[PDB]
C-alpha cells in the first residue's frame, strides 16, 4: 500500500455521501415544496442509513427556472426553503450528529435576476458589462430576426444565446435563457464570485463544495463557431471551445488557493467537481493532490451508456462491457497516484439505476436493486447515494410529455418542434428517450410512507410541487421498507456496514483488474490491499451465470452478497439470477 499514495486516508475519501434534492426531500409546512426544517427532521434517518456526509442541491434564492441551478443570490437561502438562520441551524444539526455538510457551488453561470446581471444588462457602459458574455448579432435573417453570434447549442436545446432588446446584444447562456454564463476572463468577476459563492459559505462552516459543471469556466477566445458534427441539428455542441478550456486548471488552482486562505480553523475542505468528460490526463490534472485543484470529480461515461454522443435524448444499444468500462473510468486512473475518485449511479440529473442497469419489473426490482448495492459497496472512491436510491426507487411509467417539469425537457421539446415538427421522427425518438433518461425520474417527491396521495412527503391536503411516482403504493417507501427485513433499504444498511468494516480494500483497494471483461452477464473483478485480495462476481441477468476465481484457493471467503446468507453455497461457481458475491482472501 506504500506504492499507492491514493490509499492515504482522508475523511472525504471514506465518507459515504447522501445527496438531498431540497424541493423533493421533505415538506414540513404543507406548501408542497421540501424545505430545510423537513431536511432537519430527517437527518437521523440519513445517519441511520449509514451516511457520513450530506450534499444538498442548491437552496439559494432562485427563480427556479432550472430548479435552483439559476441562482439570484449566493448569500441568501430561497425563502420557500427557509431563512439563512434555518440553514445555519441545519449545518449545526448535521455536525452535531457527526456528519459533514457540503453545498452546491454553481458559478459557471448565475440567474439573470442576480443583481450582477441586472447591472450588467442595464447598459453597454456599466462596470459589470463584461462580467458576462455580450456580443452583437452576427446579422439579421431574411425574416428580420437577429442571428446569434455563433452556432452553439444550449445544454437544454436550441441556441446558447438570448437577445436583449434594451442593449441590442446577445448574452451567452449554455443552460436556460435565464442562466447567463459568468465571464471568468474578468478578474473582478472571479474575485466577487469567490467572495459571495465560496467565502460566505466557508465563513458559515461548510465542509466542502460540489462544483456544478466546473469544467466550463474557460471559454476559448473568440467563441468560434463549433464544428458541424450533427448534420440534423441547427445548433452544435460547444464542447471543443467550452469544455476543459485553456485556463480551466489556472482557474481551479486559483479557487483552491482562495479556499485555503479563507478557511479560519484549519479544517479539511473537500471539493468534488462535476466535470462531465475528461481524458485520464485531464482527470489527473484536476484531482492529483499535488495539483491543488479538486479533491475528486464526477465523470459521465457510465451514465451516458445507451445514449447517443450527439444527443442525450436519442437512445442507442449498449452491452454490459460498455458499462463496465465506463464505470472503471471513474477510478482506474488513480492507481499508483495521489488522485482520488468518485463512485455513484444516481443524482438529481439521472434516471434510476435499477431501471437503467438492473431490472425494475416487480419480479426483479428488489434483487437487482440489491445487486447494484453489492457492486457499489466494493468500489474504490468516495461513494454517493442519491435520495430514494436506498429504497430501490424506479423510473415512473407512462407519463405524457406535458407532465414533465424539467426545463431540459421543455426546451428540447420546443427546439425539436421548431426544427423538425411536432409530428416527426425526431420527436418520436425524443419521446422514447425521455421515458428512460429524463432527470425528472430523480425528482419526484421522496416516498416516506404508503399514505395517499403524497406518500408522507407532505400532508394529505397539500399539492406537491411535482407529481409522485406511483411506486409508493407498491411498497417503495421508507415506512414499509423499514418493516420488511428483506427490503432494499435494509440491504443498503448492510452494504454500508460491510463497506466500512472492510474499508481498506473496499474504499481504498487498488490494482483493479477485470475478470472476463467481454461477458454480457458477468461483471467480475479483483482488487488488492497489501496481502488482501477482493473478488467480485456479479450476475447482471435473469439467467444463471458461471464464474471463476483467478488463483482460487481456500483463502477466499464469502463476505457479502444479495442472496440469503444462510442459503448460499460459497463453494458454488454459478450465480443465481441477479446474484452478487464479494469474496475476500487474506
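Positions refer to the first chain, counted from 1.
Visitor: Using only the Cα atoms and their B-factors as the entry lists them, report which of 134 to 142 and 376 to 384 averages higher.
Guide: Mean B over CA atoms: larger for 134 to 142.
Visitor: Mean CA temperature factor from the deposited coordinates, higher in 321 to 329 or in 456 to 464?
Guide: According to the entry, 456 to 464 carries the higher average C-alpha B-factor.
Visitor: Highest recorded C-alpha temperature factor, please, choosing from 249, 264, 499, 348.
Guide: Among 249, 264, 499, 348, the highest C-alpha B-factor in the entry belongs to 264.
Visitor: By the entry's C-alpha temperature factors, tell me which of 226, 354, 371, 172 sits highest.
Guide: Reading the PDB entry, the winner on C-alpha B-factor is 226.
Visitor: What third of its chain, lowest, middle or highest, does the C-alpha temperature factor of residue 448 fall into?
Guide: It falls in the middle third of the chain.
Visitor: Sorting the chain's CA B-factors, does residue 83 end up in the lowest, middle or highest third?
Guide: Its C-alpha B-factor, which the entry lists for residue 83, ranks in the middle third among residues of this chain.
Visitor: So where's residue 433 on the chain's Cα temperature factor ranking, which third?
Guide: It falls in the middle third of the chain.
Visitor: Residue 54: which third of its chain by C-alpha temperature factor?
Guide: Lowest third.
Visitor: Where does the C-alpha B-factor of residue 13 rank in its chain, lowest, middle or highest third?
Guide: It belongs to the lowest third of the chain when residues are ordered by C-alpha B-factor.
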